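A single chain, nothing else alongside it, follows as structure tokens in the form deposited in one PDB entry.
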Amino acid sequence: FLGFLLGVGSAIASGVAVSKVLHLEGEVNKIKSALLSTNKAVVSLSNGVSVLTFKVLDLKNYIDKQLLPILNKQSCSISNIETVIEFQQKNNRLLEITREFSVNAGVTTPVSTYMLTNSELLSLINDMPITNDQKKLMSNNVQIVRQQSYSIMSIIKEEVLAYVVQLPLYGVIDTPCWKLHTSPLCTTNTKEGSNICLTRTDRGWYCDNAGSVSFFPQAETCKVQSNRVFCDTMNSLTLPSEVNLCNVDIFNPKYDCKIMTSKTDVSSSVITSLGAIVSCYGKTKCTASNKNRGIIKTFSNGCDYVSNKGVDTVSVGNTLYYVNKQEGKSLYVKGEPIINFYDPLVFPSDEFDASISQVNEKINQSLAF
């Protein structure tokens, strides 16, 4: 919800820097010389960066030998069909790489298996200046590494096709992360337009990071593998650790919890990790069901919750939600809805991006008037 607060960076600035160096006079020869003996070498570039270099395909040797002398004629005839088939095999990877680059303006993400095969990717990870625990992490999550990687077309000069592959490095590992789910909290009075609403806007992923907390407002940007959360710090805000106080005490003085207000008592559900939050208002039919019995709970007006234990689906109006079936314990923490603490006569009912204290000061000003 708070995505417009994010800063602006360029994800591929590192790869572009290496790419521009490859455009430098004499730069191709250093790579070409280091790969004349082997297929995998570590070259230092003219701008003082050390890059792993990888030759994944040698079309030159094949063409020059099994094709070029036969077509440097005069009368040419091809020596059997396997020569044509094998060439199509060798040439295919080049055509596919060019194909992806041509519709992505030279920059692709995620990195395809054509750009870098599953075998080649695992080889790269093994030769990186990283911890053995970092090697195991990337190797067990290569599909995540791929999605968070970029392939940048660089040069095709002096019988060399070169492109930069930009892989992620995870400098923050095994710190506790938590996901905040929020849903509208409204009063439940019978008159139709007589209700006021409040919603916490700070939903998303939170991870402890370097004495502070990394907050990802677009929780969709994070990738979850079992209990491991892969995120990009470029898509985060850096907040004080006191932001967690909003979960236990939303009126705490140490942190100004962010909320939005309205008079729209519309019904919906939020599927969490181990259950479902249900905001049921008006005349909406809200239920929770199991696969065998059917309906086992009918929600009354207000904001309620059910765990995934024994619950398979949740229905709010004409919308059916499947709950996540992951194992884990849920704790229902009772407490009076804070929306009841407000006087509807002076309640600011259209704060799109506000906070607890901001709402309070507006109430004080309206009260003084």
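Definition used throughout: the rigid core is the maximal C-alpha set that superposes within 1.5 Å between two forms. All residue numbers are counted from 1 along the displayed sequence.
Heads up, the form deposited in another entry isn't pictured, but that's what we're talking about next.
**Q** Can you spot, among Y321, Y62, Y305, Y342, the one with a CA shift of 2 Å or more between this form and the one not shown after core superposition?
**A** Comparing the C-alpha positions, the one residue that moves 2 Å or more is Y62.
**Q** Rigid core aligned, does the Cα position of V248 differ by 2 Å or more between this form and the one not shown?
**A** For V248, whose C-alpha is compared between this form and the one not shown after core superposition, the shift is less than 2 Å.
**Q** Superposing on the rigid core, does the Cα of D174 end up 2 Å or more away between this form and the one not shown?
**A** After core superposition, the displacement of the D174 C-alpha between this form and the one not shown stays below 2 Å, so no.
**Q** Taking the rigid core as reference, does the Cα of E86 move 2 Å or more between this form and the one not shown?
**A** Passes the 2 Å threshold, so yes.
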